[PDB]
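To keep things clear, I will list the structure first and then write my remarks on it.
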Amino acid sequence: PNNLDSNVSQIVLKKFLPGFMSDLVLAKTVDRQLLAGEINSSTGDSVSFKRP
Amino acid sequence: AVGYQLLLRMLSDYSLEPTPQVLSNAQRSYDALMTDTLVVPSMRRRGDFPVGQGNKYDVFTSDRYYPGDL
């Protein structure tokens, strides 16, 4: 018989199968401008806002 | 330190007079005690002192002047 498995090579294509996903809803809805540019790691670890 | 101070404040009760060595020892102990409790408050800025434009007082900071309080 013929034993010619050494004439071919195992090939792994350079393709990636699709994965799973999530969604961003709560982050978009809440406000980010109010706290933006207010707290820094070096300066401290707490900020305050005044109630009406 | 506490013992030497108390001895100095009690010597007059028995009508005695401290020796110079006792005084020197009490002074050294009190000096060590005062050394152990230093403060050096390190005064802060003024309050109307400007903050330089290099600090980016709008994009990165909300204050254009040093607070200098509390």
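Chains d and c, in that order, are what the protein sequence lines are. Just add 1 to the spot in the first sequence (first one is 1) and you have the deposited numbering. Just add 80 to the spot in the second sequence (first one is 1) and you have the deposited numbering. Yeah, the Cβ is synthetic: ideal placement off N, Cα and C, and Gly gets one too.
In this structure, the beta-carbon distance from c:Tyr84 to c:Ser109 falls below 7 Å. Put simply, the backbone Cα of d:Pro53 is about 16 Å away from that of d:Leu35.
Using a Cβ distance threshold of 7 Å, c:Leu91 and c:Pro98 count as a contacting pair. Contact of d:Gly45 with chain c by beta-carbon distance below 7 Å is absent, the smallest such distance being about 12 Å. As computed with DSSP, c:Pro130 is found in a beta bridge with c:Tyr145. Your pair c:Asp149 and c:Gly127 checks out as a contact, with CB atoms roughly 7 Å apart and the cut at 8 Å. Under the 7 Å criterion on CB atoms, c:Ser142 is classed as interfacial with respect to chain d. Leaving aside the five residues that flank c:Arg124 on each side, the residues in its chain whose CB is nearer than 6 Å to its CB run, in chain order, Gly148. Fully contained in the segment 13-52 of chain d is no beta strand (DSSP E) run of length 3 or more. Put simply, of c:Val139, c:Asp138, c:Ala81, c:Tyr137 the residue whose alpha carbon is nearest the alpha carbon of c:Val102 is c:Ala81.
Within the same chain, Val131, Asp143, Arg144 come within 8 Å of c:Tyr137 by CB-CB distance, once the 5 residues on both sides are set aside.
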